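# my sequence and its experimental structure, below.
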Amino acid sequence: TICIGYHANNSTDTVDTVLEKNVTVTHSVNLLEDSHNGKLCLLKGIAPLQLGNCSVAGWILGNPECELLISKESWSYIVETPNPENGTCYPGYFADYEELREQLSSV
Amino acid sequence: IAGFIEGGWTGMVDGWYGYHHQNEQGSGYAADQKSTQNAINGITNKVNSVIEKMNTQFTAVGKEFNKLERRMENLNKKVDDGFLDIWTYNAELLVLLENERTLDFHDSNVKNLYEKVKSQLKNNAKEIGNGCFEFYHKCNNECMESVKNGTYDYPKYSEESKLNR
Amino acid sequence: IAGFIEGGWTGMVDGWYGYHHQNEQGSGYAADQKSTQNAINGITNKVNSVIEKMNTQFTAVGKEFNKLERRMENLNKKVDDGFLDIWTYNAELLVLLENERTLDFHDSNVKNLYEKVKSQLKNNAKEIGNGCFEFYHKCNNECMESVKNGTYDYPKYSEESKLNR
Amino acid sequence: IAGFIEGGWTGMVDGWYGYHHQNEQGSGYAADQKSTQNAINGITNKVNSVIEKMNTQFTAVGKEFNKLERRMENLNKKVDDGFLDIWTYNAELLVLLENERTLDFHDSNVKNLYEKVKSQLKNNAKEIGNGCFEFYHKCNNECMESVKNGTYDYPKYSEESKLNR
Amino acid sequence: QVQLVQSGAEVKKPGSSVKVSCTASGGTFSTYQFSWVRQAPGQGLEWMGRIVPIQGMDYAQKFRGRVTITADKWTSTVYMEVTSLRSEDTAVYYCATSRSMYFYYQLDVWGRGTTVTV
Amino acid sequence: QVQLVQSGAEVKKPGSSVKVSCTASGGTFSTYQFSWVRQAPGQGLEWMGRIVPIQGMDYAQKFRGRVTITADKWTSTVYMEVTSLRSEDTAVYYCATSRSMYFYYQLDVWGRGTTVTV
Amino acid sequence: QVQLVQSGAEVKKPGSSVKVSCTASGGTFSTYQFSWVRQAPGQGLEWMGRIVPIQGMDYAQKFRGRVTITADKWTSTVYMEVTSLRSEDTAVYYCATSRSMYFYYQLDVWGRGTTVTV
Amino acid sequence: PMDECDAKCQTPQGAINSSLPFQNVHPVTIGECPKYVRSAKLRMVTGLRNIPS
Amino acid sequence: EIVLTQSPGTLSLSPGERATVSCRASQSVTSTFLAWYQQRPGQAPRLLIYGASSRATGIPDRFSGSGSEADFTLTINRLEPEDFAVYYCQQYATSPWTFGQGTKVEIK
Amino acid sequence: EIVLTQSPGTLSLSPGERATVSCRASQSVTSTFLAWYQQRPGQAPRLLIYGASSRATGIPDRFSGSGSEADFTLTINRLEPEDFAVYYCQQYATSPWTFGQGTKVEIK
Amino acid sequence: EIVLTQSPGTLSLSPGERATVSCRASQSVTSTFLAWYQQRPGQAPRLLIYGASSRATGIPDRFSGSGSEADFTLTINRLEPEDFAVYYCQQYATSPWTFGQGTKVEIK
Ligand SMILES: *[C@@H]1O[C@H](CO)[C@@H](O)[C@H](O)[C@H]1NC(C)=O
Ligand SMILES: *[C@@H]1O[C@H](CO)[C@@H](O)[C@H](O)[C@H]1NC(C)=O
Ligand SMILES: *[C@@H]1O[C@H](CO)[C@@H](O)[C@H](O)[C@H]1NC(C)=O
């Protein structure tokens, strides 16, 4: 006449616990992000400074091929490519280069 | 239609915990909205507890090092990897422990619905063992609601139940 | 005067868990000194467990860095902040988990006092549902102490209880 | 020969949980192989969970520093000691929490064996309070196996049990 | 208890979009379910859509494809953008949160509403 | 089981203060409740005060304002300082700990006591 | 479900030792109990010994002192070395794991076996 | 590549939404970002074990 | 979809008199998913009843309600000057969530 | 030690006929520690029955068994062409673990 | 405050004889908060009974006690040569904790 029970559903989402794995549950929350759009976005409306083929040394010392960067005074972040080529065009040692990169990371 | 002891109900959609009945006037499912809302309040606070603790103020932007700064580079790497291993450990452990406690919480609560019913029906209903009770007295929609509300009048149906029992 | 199921007693001051009675000879409260002391022993060890784990050998006296040592300064800052975030997390989580387990521990123990009483009284007393039992037989101070001591002589009062029951 | 409520059996060697009997045909111990295997599966996964989380990719080979690199030496020392303190904390805490949960798990499971027996015997056996039941009806080896298997035919022995009860 | 705060009134020309918003306070944004309800002058209430920032979203079919509802947990703010505005969009837009329709229940906390004229 | 160890005897001139102490061993100092009890020659026992290092403290009213009882968990030692000494302060001062009067119970571990002469 | 994989066949001269092995896959190596069983041509099965990598080991008495059974959790592989080989050692050597004889039960997963000729 | 999009958290592989407490996309980020965790999944139970009768 | 029709469009009574507001659904709806709201002119709607019958926090004993299947009613006993507002019938059982036209109560 | 003797060494029957294999221990052994295996020529042994009587996963209803003390039997009903193999009696109660000679079933 | 008066100041008995020590409080005190101590000359007090009646670990069956309200008694059966010491009544129910004068037992 009177029965006590609980909600069942058609969900296939599973969770893990210490004693058991792949337990199917009726409701859950995915707490982890695992995807990205694949693009560079504005942060709160401000574009990054993109160095193109320029290294940080190239940008700051100026480089005949980094002319497109001399007019950009503000940015949200700086984007360097994996292997920039337009750096110190006249060969030499850049003193405290790594330290300068750290200083420019707060500018 | 057996209860929680054998499995859940796909016919009950208005809460996590609840009741099912069969009587002269009809049949159906209805949620226990107070047990369900209290369970929700608990779970919501638990979800928020996880969110509040995992507050990230960490900066992972890397640093460059020279060819003669390998010891410093390796120290920096050790620090980043160590913090990552620790936080990965903490995140996974927190989720596994909370998932296990959450499932025990819900199983405890459905049992509590069952126990608060036998505490009202006492000898006026047969406990079946399939998560249900069979009233010895004839029961109508009004006594069914009374049991669900925690207001069952045991004395009122005592004589009829005794005769049938 | 209802028991643990409805709320606590402000009239009971000699322990955490205990008994209340009403009989011909008088009434009052008395603690269960063995359940209370065992609970205390457990809690004391739990408090000490927290104290023993949080052993600080850490030195936080800071370091100065030059204008050209910013990478090192930032690594040092990262290390101090990371360790602080981790230990803050561990301290808060340990306290929340232990507070929750402590409250469950105490609720379990008061329930155990209740269960060890019905296991002795059996059919010689009416279980009320308000955290108390009503003896069917007339009970004096000596049988009240006997129940509390875990020595109740069920057979001795069986005939009187049956007649009244 | 009392059950789980008073202590364990050194005469039972084929599982963690089980049954003991005394009947006309003989006596002895036999394990509940399904409750024991499920408990083992749980424990095995728990042991593996500890092993899987504590994955070491850490390199502790040290570094030398000059007389003028004391700040760096001390930072390196701080990092190694901090990670060691954290992992020592995590290893000890994980083991203590799991040992406590493991013991509760096993105590819960022996209680479940007891409860699934009274749910079958109902009024056909006297619950003693020493972790055993005394059948009112005469019981042979076949009904003993039936109870252990979860197939006890209550109605079949109801009349004999009532007369003796 | 959540105190919702809404943005000021807007006046738009046909074809433009309007973004309106509600700021939640006094609780954790991520688990509140936020509904947008509109009321045209002289009319009853109509539901437009809902956001649960940590779980997912849904819309009234009439506005599907025109109305985008999103959320930002960093500022505890829910936003709604209605595109391709028409002269019938003269309604007051209100936020409300549910008690527990993370999973099952009704709307019991309401903001004051913002008027949009087109 | 705690083994309390006490300091040696003291001889003081009137008006000076005396500091006496007990070292706890074999357990965790912070949760033991430490009482000081005095016994004048030819008299019975009298309670002076108690410290629970992780919880709080109390004193016999007769010594409130004259006797300060403190503790150091780093050396597992309880100290008592009695100021403005008078010729009646010729008692033996003992430590004792309770079984559980962190919350409720009696004194069951006693030290040997130290004699103070004034 | 574990899939055991065994090494190829071996041919040895009397007095030498042979090392044979089984690789476990599809589960956690450390808690599997691995038994070695031999079968001489024309004969029945005989148990040689067992390893529980995280717990301990045992041997059939006939091979105690000749057969060493060990394990490597890093490659999930169990090894067995039989020393002082004799012409009777022409058996096929198989691995098998138990269901749960970490504590109590039988052998239900078997590998294919490797033939050793002497 | 650069686009006209707007995000609260940018990783080197591209921007992410930043609505959940954790990410496994990349350890280096700029902006108001989730914690980086080397995990495949962190799914939390909020409901019941799903076993229909 | 679930369509809610309210009746009367306008109710008129003397203060102190009992009012009822009817609402009819296009389909039967489980009572757990109904709610009633009160909108005083110039104000955002306030929740009165949740589910077909439970009263919301801060709402007085004057308000109650009940119903089943497709037919639900809001009851206001001893209606006071502050209750001469528009009442709405709302259901959240399925998407889209649905509202009725609203019933106004007049003072006579 | 625990010594297992199987009988008959060879059993012979018509397909569809019932086979039984006997095994006798040198000492009484608790039934929880017995098992039966089937070895088809050219293959590693497969587990059929664990404990004196429980059937292993993937093994059909044709197989069952029982026993007590020192005397155990394997029963194969409706023996099929794929069952004309060698059956082994094994016990794991004490070290060393022990096996019998094996019983072959022939086709006639 | 709680004041404890002991009686007799001195008790005198033959070894093997039963001794009792009375203690009277200025107010009724719950029995859970009483204790008895034995002080042998030259030694720190030892706990005998805690609460009005529970015996302390290491203390023999010769010792027991009971009481209620303001009136409590310590009982020593078969008093032995090692028991000719001074017994104290102590209560910890309220601050300050209180002690009685002490009862000495003499050998005759
Ligand atoms: C859990 O399910 C995943 C598939 O989503 C599978 O790869 C994994 O092996 C399963 N784990 C267990 C223990 O069954
Ligand atoms: C950057 O380098 C690529 C070749 O890798 C070249 O095609 C491109 O034109 C260069 N960018 C600019 C601004 O010159
Ligand atoms: C956020 O998720 C949506 C899909 O729900 C996707 O279209 C959008 O690009 C994501 N945003 C970012 C910054 O990745």
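Ah, there it is. Numbers count the residues shown, from 1 in each chain, chains lettered A, B, ... in the order given. Ligands and ions are numbered 1, 2, ... in the order given.
# all helices for chain B, in order.
Ranges of helices within chain B are B:33-53, B:70-121, B:141-148, B:154-164, based on DSSP state H.
# can you tell me the centre-most residue of chain H?
Centroid-nearest residue in chain H, with C-alpha atoms, centre = their mean: residue H:23, separated by 3.6 Å.
# find the closest residue to chain G in chain E.
The nearest approach of chain E to chain G comes at residue E:54, 33.3 Å away (C-beta to the nearest C-beta). No exception for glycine: its C-beta is placed from N, CA and C like everyone else's.
# ok, the residue of chain A found nearest chain K - contacts?
Closest residue of chain A to chain K, C-beta to the nearest C-beta: residue A:18 (40.0 Å). By C-beta atoms under 8 Å, 6 or more residues apart in numbering or on different chains, the contact list for residue A:18 reads B:96, B:97, B:100, D:45, D:46, D:49, D:98.
# near the last one, how many other residues are there?
In other words, residue D:98. By other C-beta atoms under 10 Å in any protein chain shown, 17 other residues sit near residue D:98.
# now do the same contact list for it.
Taking C-beta under 8 Å, 6+ apart as the test, what residue D:98 contacts is A:18, D:46, D:50.
# indicate the residue of chain I located nearest to chain J.
For chain I, C-beta to the nearest C-beta, closest residue to chain J: residue I:30, 43.5 Å.
# contacting residues for that residue?
Residue I:30 touches B:13, B:14, B:30, I:93, counting by C-beta under 8 Å, 6+ apart.
# widest-spaced pair of these?
Farthest-apart pair in those is B:30 and I:93; separation 13.7 Å (C-beta to C-beta).
# intersection of neighbour lists for these two?
I:30, I:32.
# let me see the contact set for the closest residue to residue B:133 other than its chain neighbours.
Nearest residue to residue B:133, sequence neighbours excluded (C-beta to C-beta, 6 or more residues apart in numbering or on different chains): residue B:125, at 4.1 Å. Contacts for residue B:125 (C-beta under 8 Å, 6+ apart) come out as A:1, A:2, B:118, B:133, B:134, B:135, B:136, B:161.
# and which of those is nearest residue F:92?
Ranked by distance to residue F:92 (C-beta to C-beta), these are led by residue B:118 at 63.7 Å.
# ok, residue 35 - contacts?
Just so you know, I chose chain A. Residue A:35 makes contact with H:16, H:25, according to C-beta under 8 Å, 6+ apart.
# I was thinking of chain I, sorry if that wasn't clear
Counting by C-beta under 8 Å, 6+ apart, residue I:35 makes contact with E:106, E:107, I:47, I:49, I:50, I:51, I:90, I:91, I:92.
# also residue I:43?
Residue I:43 touches nothing, counting by C-beta under 8 Å, 6+ apart.
# gap between it and residue E:94?
According to C-beta to C-beta, to the nearest Å, residue I:43 stands 10 Å off from residue E:94.
# likewise residue B:121?
46 Å.
# now residue B:155
Residue B:155 is 51 Å from residue E:94, by C-beta to C-beta.
# then residue E:51?
Distance of residue E:51 to residue E:94, computed by C-beta to C-beta: 14 Å.
# report how many residues lie close to the residue of chain I found nearest chain A.
Nearest residue of chain I to chain A, counting by C-beta to the nearest C-beta: residue I:32, 12.4 Å away. By the measure other C-beta under 10 Å, the count of residues near residue I:32 is 23.
# how many neighbouring residues does residue I:72 have?
By the criterion of other C-beta under 10 Å, residue I:72 has 25 neighbours.
# thought residue I:28 was touching it, still the case?
No. Using C-beta atoms under 8 Å, residue I:72 makes no contact with residue I:28, being 10.8 Å away.
# closest residue of chain A to chain C?
For chain A, C-beta to the nearest C-beta, closest residue to chain C: residue A:102, 5.0 Å.
# what's the helix or strand that contains that residue packed up against?
Assigned by DSSP states H and E, residue A:102 belongs to helix A:97-103. When contacts are defined as 3 or more C-beta pairs under 8 Å, 6 or more residues apart in numbering or on different chains; DSSP states H and E, helix A:97-103 sits against helix A:56-61, helix C:70-121.
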